[PDB]
Amino acid sequence: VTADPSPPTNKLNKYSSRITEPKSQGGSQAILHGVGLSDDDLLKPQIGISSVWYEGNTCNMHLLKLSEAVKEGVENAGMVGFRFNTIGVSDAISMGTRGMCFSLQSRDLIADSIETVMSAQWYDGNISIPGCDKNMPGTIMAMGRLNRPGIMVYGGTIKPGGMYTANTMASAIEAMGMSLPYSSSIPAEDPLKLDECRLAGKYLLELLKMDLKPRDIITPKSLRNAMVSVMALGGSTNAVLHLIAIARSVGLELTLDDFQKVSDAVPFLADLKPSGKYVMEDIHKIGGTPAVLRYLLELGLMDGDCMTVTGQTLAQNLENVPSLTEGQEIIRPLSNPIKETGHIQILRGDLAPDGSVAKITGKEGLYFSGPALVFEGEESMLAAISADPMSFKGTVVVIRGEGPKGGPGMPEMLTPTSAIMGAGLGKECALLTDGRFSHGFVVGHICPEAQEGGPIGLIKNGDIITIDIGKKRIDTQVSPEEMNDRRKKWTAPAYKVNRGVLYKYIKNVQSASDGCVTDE
């Protein structure tokens with residue numbers, strides 16, 4: 001990985017010394033005096049404090065207050081804090097609209113934004129404060145690219161809330177060692193969240209002293225630890241995209257098959273929404289994410305040797321945290337899991353030769369077969385089920401043209417599943433897409449996407465499609481020869497945009513099986 005400037009040693013200001021020390025950078029030193037730094041301040045490490053505050057989301061509107069507390073803690077630790085802020089967007093607002101095409105890519109825009117500031121200003125370390133919206137992997141990606149000491153302070157989940165994308169990624173990033181213990185489970189606005197904010201500077205100081213960097217913390221074993229927490233907690237299928245993108249940001253490899261092997265190895269244990277009963281605050285009340293990881297470590301499912309942002313290993317952090325409170329019913333014992341293996345399932349077969357991702361409870365059966373009902377986007381599928389719902393009974397519904405390039409932006413879709421459920425068809429049809437979905441067979445991330453000429457773009461109404469969970473295949477009864485005949489006659493649709501951020505995304509984005517990374 002070659003992305004960002006190299007430092008010009010046991011100095012704690014390895015990067016900011018580029019502009020604070022040499023006399024040829026007096027213009028830099030003059031601006032720093034202008035923003036409040038004294039001569040003694042020029043000797044100190046400089047920490048970029050990157051929040052994702054914005055007022056259009058309950059999950060993000062309070063983060064300036066957290067950023068202020070982080071800055072106070074950085075100053076108390078003998079360093080200089082520089083706050084800055086990037087954008088984020090709310091899926092709760094945009095779900096069901098074309099605004100959702102802008103959501104996933106904002107992860108990669110946040111990564112670009114933080115990388116840009118840290119690189120241009122020569123900051124020695126970063127503390128990032130994402131909210132409980134869905135873009136927090138972008139902060140970790142920036143840290144991986146820069147490879148300067150960093151800590152992610154989760155804004156916290158709003159209490160009344162289950163293992164959706166934010167709770168999934170926050171817990172996974174804590175399990176990965178990139179957030180302090182309890183960061184993922186302390187509720188938003190809890191007094192202890194402000195205290196964590198004020199302590200991040202102390203911990204980051206120690207990481208600068210150790211020079212413990214993101215590529216020292218994010219390793220194949222800590223990536224596995226993150227995947228273990230996703231499987232054990234029933235986390236979102238979006239975690240496949242984000243953990244692959246994080247792995248690539250530190251120069252590591254992570255494939256769909258790696259997820260399948262952890263899923264096969266780790267039972268689903270957490271009685272948490274959407275699958276189960278409880279929410280993250282209920283986990284907070286029984287000992288939090290550290291208690292959960294402590295149990296998983298005792299079961300031998302995690303590697304305790306991995307270094308973390310506390311400056312100690314995972315096992316050392318967990319050695320003395322209170323265990324799961326006696327009698328709790330949220331985390332099942334190994335003997336009575338909610339599912340023998342993980343919920344996340346990778347499927348290939350004729351129609352998803354490069355992979356796809358399903359959440360499988362184990363209660364939907366092992367097979368589905370039905371004639372294809374094909375739609376070129378969410379809108380026409382919803383119109384059809386409104387006007388003629390019984391035409392859907394027994395079908396495999398295909399919503400295509402919703403991938404990274406075709407959508408564009410790989411939008412997440414909620415209305416198709418609630419419309420199917422509203423019509424009484426939940427177990428009576430299957431749902432397939434090259435995009436993403438938010439009681440039957442539901443498969444997303446199908447690769448190659450229709451816009452790229454993948455077999456999903458060649459399906460016709462009436463083709464018999466068979467989903468086989470045991471074989472992990474989505475097949476068609478159409479012969480491979482006739483599928484190749486259709487491929488020969490296929491032409492890519494025109495892109496839906498020709499300018500702006502989404503056109504750049506089309507130009508840059510890789511497949512869903514590659515985590516939709518944009519910088520390769």
# chains A, B, ... in the order shown; residues from 1 in each chain; ligands from 1
call {"tool": "residues_around", "arguments": {"residues": "range 488-499 of chain A", "least_positions_apart": "6", "cutoff": "10 Å", "atoms": "only C-alpha atoms", "output": "list in words"}}
result
residues 401, 405, 406, 407, 408, 450, 451, 452, 453, 457, 458, 482 and 506 of chain A
call {"tool": "write_last_selection", "arguments": {"atoms": "C-alpha atoms", "output": "PDB file, in the first residue's frame"}}
result
ATOM      1  CA  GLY A 401     -29.982  -3.443 -12.018  1.00  0.00           C
ATOM      2  CA  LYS A 405     -22.759   0.273 -11.064  1.00  0.00           C
ATOM      3  CA  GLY A 406     -26.319  -0.500 -12.095  1.00  0.00           C
ATOM      4  CA  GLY A 407     -28.197   1.075  -9.173  1.00  0.00           C
ATOM      5  CA  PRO A 408     -25.952   2.988  -9.110  1.00  0.00           C
ATOM      6  CA  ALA A 450     -26.598  -7.351 -14.099  1.00  0.00           C
ATOM      7  CA  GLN A 451     -24.905  -4.133 -15.289  1.00  0.00           C
ATOM      8  CA  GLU A 452     -21.676  -6.121 -15.730  1.00  0.00           C
ATOM      9  CA  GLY A 453     -23.333  -8.867 -17.770  1.00  0.00           C
ATOM     10  CA  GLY A 457     -28.827  -9.941 -16.187  1.00  0.00           C
ATOM     11  CA  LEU A 458     -29.701 -12.803 -18.553  1.00  0.00           C
ATOM     12  CA  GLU A 482     -28.621 -21.094 -23.918  1.00  0.00           C
ATOM     13  CA  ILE A 506     -19.489   3.876 -11.366  1.00  0.00           C
TER      14      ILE A 506
END
call {"tool": "residues_around", "arguments": {"residues": "range 88-105 of chain A", "least_positions_apart": "2", "cutoff": "9 Å", "atoms": "only C-alpha atoms", "output": "PyMOL selection string"}}
result
chain A and resi 52-54+56-57+59-60+86+107-110+130-131+133-135+378+404+407-415+501-502+505+509+516+518
call {"tool": "write_last_selection", "arguments": {"atoms": "N, CA and C atoms", "output": "short mmCIF file (atom, residue, chain, number, x, y, z; two decimals), in the first residue's frame"}}
result
data_model
loop_
_atom_site.label_atom_id
_atom_site.label_comp_id
_atom_site.auth_asym_id
_atom_site.auth_seq_id
_atom_site.Cartn_x
_atom_site.Cartn_y
_atom_site.Cartn_z
N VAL A 52 -18.35 12.89 12.61
CA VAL A 52 -19.32 12.84 11.51
C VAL A 52 -20.62 13.46 12.03
N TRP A 53 -20.51 14.65 12.62
CA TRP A 53 -21.70 15.36 13.07
C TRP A 53 -22.49 15.86 11.87
N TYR A 54 -23.82 15.71 11.91
CA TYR A 54 -24.72 16.47 11.05
C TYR A 54 -26.10 16.46 11.70
N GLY A 56 -29.18 16.25 10.28
CA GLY A 56 -30.27 15.46 9.73
C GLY A 56 -30.45 14.04 10.24
N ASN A 57 -29.82 13.68 11.37
CA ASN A 57 -29.94 12.32 11.89
C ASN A 57 -29.80 12.34 13.41
N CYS A 59 -28.78 9.97 15.13
CA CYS A 59 -27.53 9.26 15.41
C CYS A 59 -26.28 10.13 15.31
N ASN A 60 -26.38 11.35 14.77
CA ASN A 60 -25.18 12.16 14.50
C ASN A 60 -25.25 13.57 15.02
N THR A 86 -16.64 15.47 8.77
CA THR A 86 -16.92 15.10 7.40
C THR A 86 -18.43 14.91 7.26
N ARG A 107 -19.47 5.90 2.65
CA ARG A 107 -18.39 5.23 3.38
C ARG A 107 -17.04 5.56 2.76
N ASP A 108 -16.94 5.42 1.45
CA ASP A 108 -15.66 5.60 0.77
C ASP A 108 -15.30 7.08 0.66
N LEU A 109 -16.32 7.95 0.59
CA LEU A 109 -16.09 9.39 0.64
C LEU A 109 -15.56 9.84 2.00
N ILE A 110 -16.09 9.26 3.08
CA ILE A 110 -15.56 9.56 4.41
C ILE A 110 -14.11 9.13 4.52
N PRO A 130 -17.53 8.53 14.72
CA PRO A 130 -18.72 8.26 13.89
C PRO A 130 -19.96 8.12 14.77
N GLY A 131 -21.11 8.29 14.16
CA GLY A 131 -22.38 8.11 14.83
C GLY A 131 -22.95 6.71 14.62
N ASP A 133 -25.16 5.90 12.50
CA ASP A 133 -25.55 5.62 11.12
C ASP A 133 -24.55 4.59 10.58
N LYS A 134 -24.40 4.47 9.26
CA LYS A 134 -23.77 3.25 8.73
C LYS A 134 -22.39 3.47 8.14
N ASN A 135 -21.84 4.66 8.24
CA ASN A 135 -20.60 4.95 7.55
C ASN A 135 -19.33 4.71 8.35
N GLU A 378 -36.45 -1.67 -8.26
CA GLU A 378 -37.40 -1.81 -7.16
C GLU A 378 -38.77 -1.28 -7.53
N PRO A 404 -23.64 -2.16 -7.62
CA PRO A 404 -22.76 -0.99 -7.46
C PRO A 404 -22.79 -0.04 -8.65
N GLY A 407 -27.21 0.39 -10.01
CA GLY A 407 -28.20 1.08 -9.17
C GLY A 407 -28.40 2.54 -9.54
N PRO A 408 -27.30 3.32 -9.58
CA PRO A 408 -25.95 2.99 -9.11
C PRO A 408 -25.91 3.02 -7.59
N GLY A 409 -24.80 2.62 -7.00
CA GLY A 409 -24.62 2.81 -5.57
C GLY A 409 -25.05 1.65 -4.71
N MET A 410 -25.46 0.54 -5.31
CA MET A 410 -25.88 -0.66 -4.58
C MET A 410 -26.87 -0.32 -3.47
N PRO A 411 -28.00 0.31 -3.80
CA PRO A 411 -28.93 0.74 -2.75
C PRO A 411 -29.48 -0.44 -1.95
N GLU A 412 -29.75 -0.18 -0.68
CA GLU A 412 -30.42 -1.13 0.20
C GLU A 412 -31.93 -0.97 0.03
N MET A 413 -32.65 -2.08 -0.08
CA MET A 413 -34.08 -2.03 -0.37
C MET A 413 -34.86 -2.71 0.75
N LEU A 414 -35.82 -2.00 1.31
CA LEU A 414 -36.67 -2.54 2.38
C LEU A 414 -38.08 -2.86 1.91
N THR A 415 -38.63 -2.04 1.02
CA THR A 415 -40.02 -2.22 0.63
C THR A 415 -40.31 -3.58 -0.01
N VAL A 501 -20.93 12.65 -8.26
CA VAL A 501 -20.28 11.68 -7.38
C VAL A 501 -20.66 10.25 -7.75
N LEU A 502 -21.90 10.02 -8.20
CA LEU A 502 -22.27 8.65 -8.55
C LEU A 502 -21.64 8.21 -9.86
N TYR A 505 -18.42 7.07 -8.83
CA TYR A 505 -18.53 5.76 -8.20
C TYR A 505 -18.60 4.66 -9.25
N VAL A 509 -15.83 1.75 -8.72
CA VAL A 509 -16.19 0.73 -7.72
C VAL A 509 -15.93 -0.68 -8.24
N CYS A 516 -16.90 -3.68 -2.70
CA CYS A 516 -17.18 -2.39 -3.33
C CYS A 516 -16.11 -1.34 -3.01
N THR A 518 -13.18 1.28 -3.91
CA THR A 518 -13.15 2.23 -5.02
C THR A 518 -11.75 2.71 -5.38
#
call {"tool": "residues_around", "arguments": {"residues": "range 428-430 of chain A", "least_positions_apart": "5", "cutoff": "10 Å", "atoms": "only C-alpha atoms", "output": "list in words"}}
result
residues 368, 369, 370, 371, 372, 373, 392, 393, 394, 395, 396, 397, 398, 417, 420, 421, 439, 440, 441, 442, 443, 465, 466 and 467 of chain A
call {"tool": "closest_atom_pairs", "arguments": {"of": "range 180-225 of chain A", "to": "range 73-76 of chain A", "cutoff": "7 Å", "atoms": "only C-alpha atoms", "output": "JSON lines"}}
result
{"residue": "A:198", "atom": "CA", "partner": "A:73", "partner_atom": "CA", "distance": 4.2}
{"residue": "A:199", "atom": "CA", "partner": "A:73", "partner_atom": "CA", "distance": 5.8}
{"residue": "A:200", "atom": "CA", "partner": "A:73", "partner_atom": "CA", "distance": 6.7}
{"residue": "A:201", "atom": "CA", "partner": "A:74", "partner_atom": "CA", "distance": 4.1}
{"residue": "A:202", "atom": "CA", "partner": "A:74", "partner_atom": "CA", "distance": 7.0}
call {"tool": "write_last_selection", "arguments": {"atoms": "C-alpha atoms", "output": "PDB file, in the first residue's frame"}}
result
ATOM      1  CA  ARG A 198     -12.117  12.289  27.495  1.00  0.00           C
ATOM      2  CA  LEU A 199      -9.917   9.202  27.920  1.00  0.00           C
ATOM      3  CA  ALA A 200      -9.190   8.558  24.222  1.00  0.00           C
ATOM      4  CA  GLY A 201      -6.308  11.057  24.328  1.00  0.00           C
ATOM      5  CA  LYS A 202      -4.590   9.185  27.181  1.00  0.00           C
TER       6      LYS A 202
END
call {"tool": "residues_around", "arguments": {"residues": "residue 183 in chain A", "least_positions_apart": "6", "cutoff": "8 Å", "atoms": "only C-alpha atoms", "output": "list in words"}}
result
residues 153, 154, 156, 170, 174, 193 and 196 of chain A
